[PDB]
Peer 1: 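Input: one structure, supplied below.
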Amino acid sequence: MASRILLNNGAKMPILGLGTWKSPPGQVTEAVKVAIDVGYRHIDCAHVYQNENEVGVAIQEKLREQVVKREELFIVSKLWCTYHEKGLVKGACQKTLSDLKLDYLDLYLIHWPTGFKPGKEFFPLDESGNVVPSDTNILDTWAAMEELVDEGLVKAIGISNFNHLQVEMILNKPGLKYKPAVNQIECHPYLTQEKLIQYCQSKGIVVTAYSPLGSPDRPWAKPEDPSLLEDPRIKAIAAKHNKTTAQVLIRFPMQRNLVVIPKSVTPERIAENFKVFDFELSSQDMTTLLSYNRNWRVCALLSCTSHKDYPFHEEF
Ligand SMILES: NC(=O)c1ccc[n+]([C@@H]2O[C@H](COP(=O)([O-])OP(=O)(O)OC[C@H]3O[C@@H](n4cnc5c(N)ncnc54)[C@H](OP(=O)(O)O)[C@@H]3O)[C@@H](O)[C@H]2O)c1
């Protein structure tokens, strides 16, 4: 297991990164410092997470301490839905750069294919509770992302939560200049994504798996929901390998040639989650884990099911 995967822009991306959604602003600076200290070189960020300034403090301190060089880090962020208008994309990227205290991002993703009305609110609502869409086409948003590469603000661009027809729409865009480097999608043993992964990989697009532990801290968790970390079948595979269940859940996507971005603000877990380059799941283990698929999503963007670009009506 090599530590990085080659992207279609010629850069190498670390296959294991630190997630930062829900990481409290008072804890995420230390989390990122610890992560870098214990070997992480890839941090997954987003403007909508509201903690990029604090993530940036950690990155900057480790650069200043010369724990790492900038060229060794792979920093990812995402364009929020209220900034899909072509005239807002650069400013959104620049705000993220300012907060992260960087002069470029390694990868910048369209966070969702759905554009929303611009404004202060991340989920602008009509008086009846529906999210108010933007009329900006995702192909036009893509062209705006391409400009960021050409202006030196980002080294690579990609997409997130795009279904295969939406990926196809970009790949078939008239005058396409840069293909997406990455599609970041939810993926774990309860949402195994065989079809979409195969499609993306066949096109040279690297897939990043989010919520690989099943996001137990997701705000809308219900007591009766399935729980990967507590699944006795996964615990058994972990026990066989003398690893934790979380370590198996992280190793699983790695062996599918995916990038994976487990989130933690707990120093012991941050270190645990990185210690996954010292064992191998068998083919049988892999197929067994795949067999647990139930098409269960942490992130279904339920407020946007009527949006013309809602991604999860299609089978994949
Ligand atoms: N593109 C998108 O739309 C999108 C959507 C969702 C997520 N993401 C990205 O993917 C990242 C990961 O997904 P996620 O945050 O939803 O959930 P996750 O990484 O599947 O799970 C995070 C949860 O697991 C706990 N945890 C971490 N390591 C553990 C371990 N070794 N043992 C036991 N529990 C452990 C964390 O607790 P503590 O933090 O308290 O240690 C936290 O409650 C996000 O942070 C974000 O960067 C992107």
Side-chain angles (χ1 to χ4, degrees), residues 5-9 13 15 17 44 46 76 78-81 84 107-116 131 133-134 136 138-146 149 156-194 196-212 214-215 252-261 286-287 289-293 295-316:
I5 188 163
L6 180 62
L7 302 180
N8 61 11
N9 74 335
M13 179 172 188
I15 68 176
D44 183 77
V76 183
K78 317 188 190 76
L79 178 78
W80 185 248
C81 300
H84 282 209
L107 177 63
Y108 197 47
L109 305 176
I110 305 182
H111 203 146
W112 290 86
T114 52
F116 304 165
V131 184
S134 170
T136 292
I138 207 59
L139 298 184
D140 290 326
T141 306
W142 188 253
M145 297 286 286
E146 293 175 325
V149 175
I157 51 176
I159 57 189
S160 184
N161 302 296
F162 278 49
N163 71 39
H164 91 283
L165 295 182
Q166 293 170 324
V167 178
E168 186 173 63
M169 286 193 297
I170 293 177
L171 294 180
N172 292 344
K173 177 185 180 300
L176 181 67
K177 193 176 186 181
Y178 303 114
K179 292 179 203 167
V182 166
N183 189 12
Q184 179 181 128
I185 64 177
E186 188 176 338
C187 185
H188 47 69
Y190 299 157
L191 184 71
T192 51
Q193 301 271 28
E194 282 94 332
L196 184 54
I197 287 169
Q198 174 60 19
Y199 178 81
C200 291
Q201 294 184 334
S202 80
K203 300 298 184 183
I205 301 171
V206 166
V207 174
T208 301
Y210 77 65
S211 305
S215 198
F252 173 56
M254 296 166 67
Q255 290 187 211
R256 303 176 71 194
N257 298 311
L258 313 178
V259 175
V260 62
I261 53 171
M286 294 293 294
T287 297
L289 289 160
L290 287 167
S291 80
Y292 302 154
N293 183 57
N295 304 319
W296 177 76
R297 294 183 188 274
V298 166
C299 287
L301 204 71
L302 293 179
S303 71
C304 299
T305 60
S306 287
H307 193 293
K308 71 168 160 50
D309 299 310
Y310 181 76
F312 307 141
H313 295 318
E314 285 293 327
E315 176 181 338
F316 74 103

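Counting begins at 1 with the first residue of the sequence. All heavy atoms count here, side chains included; hydrogens, waters and symmetry mates do not.
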Peer 1: How long is the straight-line distance from SG of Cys304 back to CH2 of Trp112, given to the nearest 0.5 Å?
Peer 2: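 If we round to the nearest 0.5 Å, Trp112:CH2 and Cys304:SG are 8.0 Å apart.
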Peer 1: Please report the interatomic distance CH2(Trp142) to CG(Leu171), rounded to the nearest 0.5 Å.
Peer 2: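 Between atom CH2 of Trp142 and atom CG of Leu171 there are 9.0 Å.
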Peer 1: Can you name the residues that form a salt bridge (charged side-chain N to carboxylate O under 4.0 Å, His left out) with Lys203, not counting sequence neighbours?
Peer 2: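 Expected list: none.
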Peer 1: Does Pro180 offer a backbone N or O that forms a donor-acceptor pair with the side chain of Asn8 under 3.5 Å?
Peer 2: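 Yes, the answer is positive, given that a donor and an acceptor are paired below the 3.5 Å cut-off.
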Peer 1: Is the closest side-chain heavy-atom distance between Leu139 and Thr141 below 4.5 Å?
Peer 2: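 SC-SC contact between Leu139 and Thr141 ruled out.
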Peer 1: Is any side-chain heavy atom of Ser215 closer than 4.5 Å to a side-chain heavy atom of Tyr210?
Peer 2: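 Of all side-chain heavy-atom pairs linking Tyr210 with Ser215, none is under 4.5 Å.
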Peer 1: Does any N or O in the side chain of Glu314 come within less than 3.5 Å of the main-chain N or O of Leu165, such that one atom is a donor and the other an acceptor?
Peer 2: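 No; judged by distance alone, with no hydrogens or angles, the pair does not exist.
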Peer 1: Nearest 0.5 angstrom please: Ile157 CD1 to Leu107 CG, how far?
Peer 2: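 One gets 9.0 Å once the value is rounded to the nearest 0.5 Å.
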Peer 1: Under the side chain to side chain contact (heavy atoms under 4.5 Å, CB included) rule, collect the residues that match up with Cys187, sequence neighbours excluded.
Peer 2: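 By the side chain to side chain contact (heavy atoms under 4.5 Å, CB included) rule, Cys187 matches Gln193, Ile197, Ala209, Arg256, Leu258.
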Peer 1: With sequence neighbours left out, what residues match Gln201 under side chain to side chain donor-acceptor pair (under 3.5 Å)?
Peer 2: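 Checked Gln201 against side chain to side chain donor-acceptor pair (under 3.5 Å); zero matches.
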Peer 1: Checking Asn163 against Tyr199: is there a side-chain donor and acceptor pair closer than 3.5 Å?
Peer 2: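 Looking only at side-chain atoms, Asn163 and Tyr199 do not form any donor-acceptor pair under 3.5 Å.
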Peer 1: With a 4.5 Å heavy-atom cut-off, do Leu109 and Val76 have their side chains touching?
Peer 2: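 Side-chain contact under 4.5 Å: yes.
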Peer 1: Any side-chain heavy atom of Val259 sitting closer than 4.5 Å to one from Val182?
Peer 2: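 Counting from C-beta outward, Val259 and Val182 never come under 4.5 Å.
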Peer 1: If we only count heavy atoms from C-beta on, is the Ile110 to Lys78 side-chain gap below 4.5 Å?
Peer 2: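 No, their side chains stay 4.5 Å or more apart.
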Peer 1: Identify the heavy atoms of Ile170 and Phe162 that sit nearest to each other, and give their distance.
Peer 2: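 Shortest heavy-atom separation between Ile170 and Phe162 comes out as CD1-CE2, 3.6 Å.
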Peer 1: If the condition is side chain to side chain donor-acceptor pair (under 3.5 Å), which residues does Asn183 pass it with, not counting sequence neighbours?
Peer 2: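 In terms of side chain to side chain donor-acceptor pair (under 3.5 Å), with neighbours along the sequence ignored, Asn183 is linked to no residue.
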Peer 1: Quick check: do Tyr310 and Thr305 have side-chain heavy atoms less than 4.5 Å from each other?
Peer 2: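 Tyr310 reaches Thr305 side chain to side chain.
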Peer 1: Sequence neighbours left out, what passes side chain to side chain contact (heavy atoms under 4.5 Å, CB included) with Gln255? Give chain and number order.
Peer 2: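 Once residues adjacent in sequence are excluded, the partners of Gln255 under the side chain to side chain contact (heavy atoms under 4.5 Å, CB included) criterion are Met1, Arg251, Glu280, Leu281, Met286.
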Peer 1: I need the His313 NE2 to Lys308 NZ distance, nearest 0.5 Å.
Peer 2: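 So the NE2 of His313 and the NZ of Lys308 are separated by 12.5 Å.
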Peer 1: Under a plain distance cut-off of 3.5 Å, with no hydrogens placed, do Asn161 and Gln184 share a side-chain donor-acceptor pair?
Peer 2: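 No donor-acceptor contact under 3.5 Å links the two side chains.
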Peer 1: Tell me if a side-chain donor or acceptor on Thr192 pairs with a main-chain N or O of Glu194 at a distance below 3.5 Å.
Peer 2: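 No.
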Peer 1: For the residue pair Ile261 and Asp44, what are the closest heavy atoms and their distance?
Peer 2: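 For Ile261 versus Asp44, the nearest heavy atoms are CD1-CG, 3.4 Å.
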Peer 1: What are the two closest heavy atoms between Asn293 and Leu191, and how far apart are they?
Peer 2: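 Taking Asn293 first and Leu191 second, the nearest heavy atoms are OD1-CA, 3.3 Å.
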Peer 1: Determine the interplanar angle of the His111 and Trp80 rings, folded into 0 to 90°, and report it as parallel if under 30°, tilted if 30 to 60°, perpendicular if over 60°.
Peer 2: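 Plane angle over 60°, so perpendicular.
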Peer 1: Using 0.5 Å steps for rounding, measure from the CG atom of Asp309 to the NE2 atom of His84.
Peer 2: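 Here the interatomic distance stands at 9.0 Å.
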Peer 1: Do other residues, nucleotides or ligands put more than 12 heavy atoms under 6.0 Å from the NZ atom of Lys173?
Peer 2: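 Yes, because the 6.0 Å sphere around NZ of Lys173 holds more than 12 heavy atoms from other groups.
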Peer 1: With side chains defined as the heavy atoms from C-beta onward, is the minimum distance between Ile138 and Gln166 less than 4.5 Å?
Peer 2: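 SC-SC contact between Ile138 and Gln166 ruled out.
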Peer 1: Run the ring-ring contact (aromatic ring centres under 6.0 Å, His included) test against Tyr178 and tell me which residues pass, sequence neighbours left out.
Peer 2: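 In terms of ring-ring contact (aromatic ring centres under 6.0 Å, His included), with neighbours along the sequence ignored, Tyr178 is linked to no residue.
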Peer 1: Do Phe252 and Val260 come close enough that some side-chain heavy atom pair is under 4.5 Å?
Peer 2: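 In short, these two side chains do not touch, never coming nearer than 4.5 Å.
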Peer 1: If I compare all heavy atoms of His188 with all of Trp296, which pair ends up nearest, and what's the gap?
Peer 2: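 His188 and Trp296 have their closest heavy atoms at CE1-O, 3.4 Å.
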Peer 1: Search all heavy atoms of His307 against all heavy atoms of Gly115 and return the closest pair with its distance.
Peer 2: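 Nearest pair, atom of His307 first, then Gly115: NE2-O, 2.8 Å.
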